[PDB]
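Below is one structure, written out as structure tokens; the observations come after it.
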Amino acid sequence: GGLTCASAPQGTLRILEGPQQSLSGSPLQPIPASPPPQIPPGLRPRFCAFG
Amino acid sequence: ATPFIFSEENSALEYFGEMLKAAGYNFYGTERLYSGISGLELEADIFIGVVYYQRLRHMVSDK
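Which chain is which? The protein sequence lines are N and B, in order. The deposited numbering puts the first sequence at residues 103 to 153. The deposited numbering puts the second sequence at residues 947 to 1009.
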């Protein structure tokens, strides 16, 4: 029950949970481009010149 | 009329100009106006359209 002292420890192993692999996909997923505005189909002159 | 949706290769004046060319009117928004103080045709064509005006409370002073 004396509990004598011991020598100096050489190395200290650190145990830790691993990096989060297979979380990010190898291609990227962007928000798609909002489309450029279209001229709508079915546009015709509705105004006739009077008389 | 949301901002940043018109680029420089698809402009905001090559879109509504073609909308007006489809509706018969001028590509550049300029309609031929006559006069009413005289009666004859103004020689330089006049930009006309529809613009949403408002009305401020900052009224005439009434003082």
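Just so it is clear, CB atoms sit at the ideal spot from N, CA and C, and this is done for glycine as well.
Chain B residues whose Cβ lies nearer than 9 angstroms to that of residue i
i	result
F152 of chain N	What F152 of chain N touches in chain B: nothing, since even the nearest Cβ is about 13 angstroms away.
Listed by chain order, chain N residues near residue i by CB distance under 7 angstroms
i	result
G970 of chain B	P147, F149
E964 of chain B	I141
Assumed close pair residue i, residue j - CB separation to whole angstroms, cut-off 8 angstroms
i	j	result
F993 of chain B	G975 of chain B	5 angstroms
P147 of chain N	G970 of chain B	4 angstroms
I141 of chain N	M1005 of chain B	That pair is no contact at about 43 angstroms.
Interface residues of chain B facing residue i [CB-CB closer than 8 angstroms]
i	result
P139 of chain N	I951, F952, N956, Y961
Contact list for residue i against chain B, beta-carbon separation under 7 angstroms
i	result
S136 of chain N	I951
CB contact flag (residue i, residue j, <8 angstroms)
i	j	result
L979 of chain B	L986 of chain B	no
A968 of chain B	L145 of chain N	yes
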